[PDB]
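Visitor: This is the structure, below, for whatever I ask next.
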Amino acid sequence: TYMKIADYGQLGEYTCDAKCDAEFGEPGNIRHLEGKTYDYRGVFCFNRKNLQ
Amino acid sequence: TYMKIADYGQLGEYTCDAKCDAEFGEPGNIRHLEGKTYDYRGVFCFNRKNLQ
Amino acid sequence: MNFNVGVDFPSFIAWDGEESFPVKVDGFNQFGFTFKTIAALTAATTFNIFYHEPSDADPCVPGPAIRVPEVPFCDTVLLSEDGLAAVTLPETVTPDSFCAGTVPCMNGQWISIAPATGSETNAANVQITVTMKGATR
Amino acid sequence: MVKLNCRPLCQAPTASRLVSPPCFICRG
């Protein structure tokens with residue numbers, strides 16, 4: 001498993017002067033993904049009489 | 001505020017020699033410009049315990 | 001202090017008691033079921049599992065319902081005589097409790113549950129939901 | 001205060017022609 005950044009997003013804006021205030025903007029997003037592994041197997045027979 | 005120059009003059013005529021009287025074509029022009037600067041404000045909190 | 005656990009293991013409705021709903025699994029890797037009895041049953045209720053494939057018309061709409069086979073582990077001796085996985089909620093289950101379940105090997109893209117014939121009138125009093133695990137894509 | 005954070009599940013292809021400057025033509 002691991003982390004991923006969706007998008008930073010906007011955080012602020014061009015306000016006008018003479019205003020003791022601000023804005024919250026928009027937070028980002030941090031997804032947490034994961035993955036699995038896989039197997040790969042096989043078998044084979046014989047007769048042990050042709051193997052001699 | 002700063003200083004613009006529009007254009008230069010026209011005085012410099014190649015008038016004849018019999019005329020004992022010069023002239024003034026076009027003195028010129030200078031401008032005076034202005035301008036403000038903009039700002040960028042923002043704010044955000046966190047939940048003291050939900051962040052720690 | 002509950003988290004936004006909607007994301008990070010969401011869930012969906014699989015069997016309302018009257019109809020099934022194929023649900024996608026591609027976005028995640030692991031998943032399981034959840035069974036809920038709304039009233040006291042009368043007999044053990046058998047449900048066949050089915051998986052679907054993306055219909056050739058639209059690569060993200062489920063096709064028909066192919067029945068997933070059954071996989072025996074080490075001490076499974078029942079084998080359900082058919083090798084086609086199905087789950088039977090036993091009789092005498094209190095209607096204030098739940099039970100888990102899953103298939104250990106997946107196949108396809110969509111999962112659906114359908115009550116086996118004969119025991120479908122008690123299915124009208126059961127609700128089956130499905131939960132996933134961490135996101136692959 | 002409830003807040004959603006939603007996401008799709010089906011991806012779509014992204015095909016687009018790769019047009020290029022055609023055979024050179026003369027203005028005349």
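Residues in the structure tokens are numbered from 1 in each chain, the chains being A, B, ... in the order shown, and ligands are numbered from 1 in the order shown.
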Which RMSD value, in Å, describes how well chain B fits onto chain A when all C-alpha atoms are paired in order and fitted by least squares?

Guide: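 Fitting chain B to chain A over paired C-alpha atoms yields 1.1 Å.
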
Visitor: What are the residues of chain A lining chain D at 12 Å or less? Count only C-alpha atoms, and put the answer as a VMD selection string.

Guide: chain A and resid 6 27 to 31

Visitor: Near residue 18 of chain A, counting only C-alpha atoms, which residues have an atom at most 12 Å away, once you skip same-chain residues fewer than 6 positions from it, shown as a VMD selection string?

Guide: chain B and resid 38 to 41

Visitor: Name the residues in contact with segment 69-79 of chain C at a cut-off of 12 Å, using only C-alpha atoms, excluding same-chain residues fewer than 2 positions from it; report them as an MDAnalysis selection string.

Guide: chainID C and resid 48:51 66:67 81:87 102:107

Visitor: Any chance you can output those residues with C-alpha atoms as a short mmCIF file (atom, residue, chain, number, x, y, z; two decimals), in the first residue's frame?

Guide:
```cif
data_model
loop_
_atom_site.label_atom_id
_atom_site.label_comp_id
_atom_site.auth_asym_id
_atom_site.auth_seq_id
_atom_site.Cartn_x
_atom_site.Cartn_y
_atom_site.Cartn_z
CA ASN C 48 -26.17 -18.84 -5.57
CA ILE C 49 -23.36 -16.42 -6.38
CA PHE C 50 -22.83 -15.02 -9.86
CA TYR C 51 -20.20 -12.84 -11.52
CA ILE C 66 -22.02 -16.70 -14.89
CA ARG C 67 -22.08 -18.82 -11.74
CA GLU C 81 -21.86 -31.99 -4.98
CA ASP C 82 -21.74 -29.46 -7.83
CA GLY C 83 -18.55 -27.38 -7.45
CA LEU C 84 -20.57 -24.19 -8.04
CA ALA C 85 -20.15 -21.97 -4.99
CA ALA C 86 -23.28 -21.07 -3.04
CA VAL C 87 -23.88 -19.94 0.54
CA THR C 102 -16.69 -14.38 0.67
CA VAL C 103 -15.28 -16.29 -2.28
CA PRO C 104 -11.49 -16.72 -1.97
CA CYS C 105 -10.87 -16.36 -5.73
CA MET C 106 -12.63 -13.69 -7.77
CA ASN C 107 -13.46 -13.70 -11.48
#
```

Visitor: Select, as JSON, numbers by chain, those residues of chain C with any atom no more than 12 Å from chain B (distances computed using only C-alpha atoms).

Guide: {"C": [1, 2, 3]}

Visitor: Counting only C-alpha atoms, a student should be able to say which residues of chain C come within 12 Å of chain D; what is the right answer, written as a list in words?

Guide: residues 2, 3, 4, 5, 6, 7, 8, 10, 23, 24, 25, 26, 27, 28, 54, 58, 59, 60, 61, 62, 109, 135, 136 and 137 of chain C

Visitor: Those same residues, written as a JSON list (two decimals), in the first residue's frame with N, CA, C and O atoms?

Guide:
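So result.json came out as:
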```
[["chain", "number", "residue", "atom", "x", "y", "z"],
["C", 2, "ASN", "N", -15.53, 9.29, 14.70],
["C", 2, "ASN", "CA", -15.56, 8.41, 13.54],
["C", 2, "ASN", "C", -14.98, 9.12, 12.32],
["C", 2, "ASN", "O", -15.26, 10.30, 12.07],
["C", 3, "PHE", "N", -14.17, 8.40, 11.56],
["C", 3, "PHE", "CA", -13.56, 8.96, 10.37],
["C", 3, "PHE", "C", -14.54, 8.92, 9.20],
["C", 3, "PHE", "O", -15.61, 8.32, 9.27],
["C", 4, "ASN", "N", -14.15, 9.57, 8.11],
["C", 4, "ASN", "CA", -14.92, 9.48, 6.88],
["C", 4, "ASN", "C", -14.69, 8.11, 6.26],
["C", 4, "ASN", "O", -14.05, 7.99, 5.21],
["C", 5, "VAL", "N", -15.20, 7.06, 6.90],
["C", 5, "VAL", "CA", -14.91, 5.69, 6.53],
["C", 5, "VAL", "C", -15.81, 5.26, 5.38],
["C", 5, "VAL", "O", -15.85, 4.08, 5.01],
["C", 6, "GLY", "N", -16.56, 6.20, 4.81],
["C", 6, "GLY", "CA", -17.22, 5.95, 3.55],
["C", 6, "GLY", "C", -16.19, 5.59, 2.50],
["C", 6, "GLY", "O", -16.12, 4.44, 2.07],
["C", 7, "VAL", "N", -15.37, 6.56, 2.10],
["C", 7, "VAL", "CA", -14.12, 6.22, 1.43],
["C", 7, "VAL", "C", -13.29, 5.38, 2.41],
["C", 7, "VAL", "O", -13.51, 5.41, 3.62],
["C", 8, "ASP", "N", -12.32, 4.65, 1.87],
["C", 8, "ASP", "CA", -11.57, 3.71, 2.70],
["C", 8, "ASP", "C", -12.51, 2.65, 3.27],
["C", 8, "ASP", "O", -12.91, 2.73, 4.44],
["C", 10, "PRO", "N", -15.79, 1.46, 1.44],
["C", 10, "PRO", "CA", -17.24, 1.70, 1.28],
["C", 10, "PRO", "C", -18.04, 0.41, 1.20],
["C", 10, "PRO", "O", -17.51, -0.68, 1.42],
["C", 23, "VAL", "N", -22.52, -5.37, -8.80],
["C", 23, "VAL", "CA", -21.70, -4.28, -8.29],
["C", 23, "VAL", "C", -20.26, -4.48, -8.73],
["C", 23, "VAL", "O", -19.74, -5.61, -8.72],
["C", 24, "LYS", "N", -19.61, -3.39, -9.12],
["C", 24, "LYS", "CA", -18.25, -3.46, -9.63],
["C", 24, "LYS", "C", -17.26, -3.71, -8.49],
["C", 24, "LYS", "O", -17.47, -3.31, -7.35],
["C", 25, "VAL", "N", -16.17, -4.39, -8.83],
["C", 25, "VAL", "CA", -15.11, -4.69, -7.88],
["C", 25, "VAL", "C", -13.74, -4.27, -8.38],
["C", 25, "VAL", "O", -12.77, -4.32, -7.61],
["C", 26, "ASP", "N", -13.62, -3.84, -9.64],
["C", 26, "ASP", "CA", -12.32, -3.59, -10.25],
["C", 26, "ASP", "C", -11.50, -2.56, -9.48],
["C", 26, "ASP", "O", -10.27, -2.68, -9.41],
["C", 27, "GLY", "N", -12.16, -1.56, -8.90],
["C", 27, "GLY", "CA", -11.43, -0.50, -8.23],
["C", 27, "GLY", "C", -10.69, -0.95, -6.99],
["C", 27, "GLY", "O", -9.78, -0.24, -6.54],
["C", 28, "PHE", "N", -11.04, -2.10, -6.44],
["C", 28, "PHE", "CA", -10.45, -2.59, -5.21],
["C", 28, "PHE", "C", -9.98, -4.03, -5.41],
["C", 28, "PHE", "O", -10.22, -4.65, -6.45],
["C", 54, "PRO", "N", -17.98, -7.20, -18.31],
["C", 54, "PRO", "CA", -18.38, -5.97, -19.00],
["C", 54, "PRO", "C", -19.03, -6.29, -20.34],
["C", 54, "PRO", "O", -18.42, -6.93, -21.20],
["C", 58, "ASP", "N", -20.95, -1.75, -23.71],
["C", 58, "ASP", "CA", -20.38, -0.71, -22.87],
["C", 58, "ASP", "C", -19.38, -1.37, -21.93],
["C", 58, "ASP", "O", -19.77, -2.24, -21.12],
["C", 59, "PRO", "N", -18.10, -1.00, -21.98],
["C", 59, "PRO", "CA", -17.09, -1.69, -21.18],
["C", 59, "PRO", "C", -17.26, -1.55, -19.67],
["C", 59, "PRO", "O", -16.44, -2.09, -18.91],
["C", 60, "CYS", "N", -18.28, -0.84, -19.21],
["C", 60, "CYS", "CA", -18.54, -0.73, -17.77],
["C", 60, "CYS", "C", -20.04, -0.89, -17.49],
["C", 60, "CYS", "O", -20.63, -0.14, -16.72],
["C", 61, "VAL", "N", -20.66, -1.88, -18.13],
["C", 61, "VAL", "CA", -21.98, -2.34, -17.73],
["C", 61, "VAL", "C", -21.92, -3.86, -17.61],
["C", 61, "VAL", "O", -21.35, -4.52, -18.49],
["C", 62, "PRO", "N", -22.45, -4.45, -16.54],
["C", 62, "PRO", "CA", -22.34, -5.90, -16.38],
["C", 62, "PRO", "C", -23.13, -6.66, -17.44],
["C", 62, "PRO", "O", -24.23, -6.26, -17.83],
["C", 109, "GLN", "N", -16.03, -8.96, -13.19],
["C", 109, "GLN", "CA", -16.05, -7.59, -12.72],
["C", 109, "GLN", "C", -17.18, -7.27, -11.76],
["C", 109, "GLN", "O", -17.06, -6.31, -11.00],
["C", 135, "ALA", "N", -8.14, 0.59, -2.32],
["C", 135, "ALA", "CA", -8.36, 0.88, -3.73],
["C", 135, "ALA", "C", -7.14, 0.49, -4.56],
["C", 135, "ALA", "O", -6.00, 0.82, -4.20],
["C", 136, "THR", "N", -7.39, -0.21, -5.67],
["C", 136, "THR", "CA", -6.35, -0.50, -6.65],
["C", 136, "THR", "C", -6.21, 0.64, -7.65],
["C", 136, "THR", "O", -5.13, 1.20, -7.82],
["C", 137, "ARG", "N", -7.30, 0.99, -8.32],
["C", 137, "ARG", "CA", -7.30, 2.11, -9.25],
["C", 137, "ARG", "C", -8.26, 3.19, -8.78],
["C", 137, "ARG", "O", -8.01, 4.39, -8.94]]
```

Visitor: Considering only C-alpha atoms, extract the chain A residues located within 12 Å of chain B and return them as a list in words.

Guide: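 Matching residues, ligands excluded from the count: residues 10, 11, 12, 13, 14, 15, 16, 17, 18, 19, 20, 21, 22, 23, 24, 25, 26 and 27 of chain A.
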
Visitor: If you run DSSP on the backbone here, which positions in chain B get strand (DSSP E)? Please write them as number ranges by chain.

Guide: B: 2-7, 29-33

Visitor: Keeping only N, CA and C atoms, write the selected residues to a file as a tab-separated table (two decimals), in the first residue's frame.

Guide:
```tsv
chain	number	residue	atom	x	y	z
B	2	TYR	N	5.24	57.20	-12.20
B	2	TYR	CA	6.47	57.30	-12.99
B	2	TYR	C	6.22	58.24	-14.17
B	3	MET	N	7.21	58.31	-15.07
B	3	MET	CA	7.28	59.33	-16.11
B	3	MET	C	7.32	58.68	-17.49
B	4	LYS	N	6.34	59.01	-18.32
B	4	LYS	CA	6.26	58.59	-19.71
B	4	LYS	C	6.72	59.72	-20.63
B	5	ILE	N	7.27	59.36	-21.78
B	5	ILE	CA	7.59	60.30	-22.85
B	5	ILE	C	6.72	59.97	-24.05
B	6	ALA	N	5.95	60.95	-24.54
B	6	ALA	CA	5.07	60.68	-25.67
B	6	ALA	C	5.84	60.71	-26.98
B	7	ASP	N	6.48	61.84	-27.29
B	7	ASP	CA	7.25	62.00	-28.52
B	7	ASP	C	8.11	63.24	-28.37
B	29	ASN	N	5.83	66.31	-25.58
B	29	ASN	CA	4.85	65.87	-24.61
B	29	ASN	C	5.46	64.81	-23.70
B	30	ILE	N	5.21	64.96	-22.40
B	30	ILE	CA	5.56	63.95	-21.40
B	30	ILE	C	4.33	63.68	-20.55
B	31	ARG	N	4.16	62.42	-20.17
B	31	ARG	CA	3.04	61.97	-19.36
B	31	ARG	C	3.53	61.53	-17.99
B	32	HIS	N	2.59	61.34	-17.07
B	32	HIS	CA	2.91	60.95	-15.70
B	32	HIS	C	1.92	59.88	-15.27
B	33	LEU	N	2.41	58.66	-15.10
B	33	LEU	CA	1.58	57.49	-14.86
B	33	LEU	C	1.54	57.13	-13.38
```

Visitor: Can you work out the spacing between atom CA of residue 52 of chain B and atom CA of residue 1 of chain A in Å, to one decimal?

Guide: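 Rounded to one decimal, the two atoms are 22.7 Å apart.
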
Visitor: Please compute the atom CA of residue 53 of chain C-atom CA of residue 22 of chain C distance, one decimal, in Å.

Guide: 10.2 Å

Visitor: Atom CA of residue 47 of chain C to atom CA of residue 129 of chain C: how many Å, to one decimal?

Guide: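 Atom CA of residue 129 of chain C lies 13.3 Å from atom CA of residue 47 of chain C.
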